[PDB]
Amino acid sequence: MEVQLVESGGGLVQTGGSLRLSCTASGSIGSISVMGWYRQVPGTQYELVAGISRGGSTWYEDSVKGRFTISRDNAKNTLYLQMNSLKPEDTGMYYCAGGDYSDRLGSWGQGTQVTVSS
């Protein structure tokens, strides 16, 4: 949507632990049609973990249902992913990305590494 996105909040945590991802926008976040968080490891296509519509609607991959919680704070132009009960399967580089339906790619972001080991 011609907006810059920058993810943060990743790190290394023990299995079962939590952390929270943030992705701040250079533009007004509340006016982006769709936004969402993708997990990616080498050799695997960006997997959509959770998404949020401009209206406030949310979607979640089944794996992460009840554990992860996407939200947006249009006030502070920031998108969040609250991750709980982390498994090793959740390990991967997490990107946030958004745009309107006219956008072919959308705005992404350099991503933030989440490692989960026990």
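The numbering used is simple: start at 1 and walk along the sequence shown.
> Which is it among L79, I32, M83, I52: the one with the largest CA B-factor in the entry?
Across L79, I32, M83, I52, the entry lists the biggest C-alpha B-factor for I32.
> Divide the modelled residues of the chain into thirds by Cα B-factor and specify which third, lowest, middle or highest, holds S22.
For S22, the deposited C-alpha B-factor lands in the lowest third.
> Should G9 be placed in the lowest, middle or highest third of its chain by the C-alpha B factor in the entry?
Middle third, going by the recorded CA B-factors of the chain.
> Looking at the temperature factor on the CA atom of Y95, which third of the chain's modelled residues does it land in?
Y95: CA B-factor falls in the lowest third of its chain.
> Can you work out whether the C-alpha temperature factor of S28 puts it in the lowest, middle or highest third of the chain?
Its C-alpha B-factor, which the entry lists for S28, ranks in the middle third among residues of this chain.
> Hey, what third does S118 fall into on Cα B-factor, ranked over its chain?
Tercile = highest for this residue's CA B-factor.
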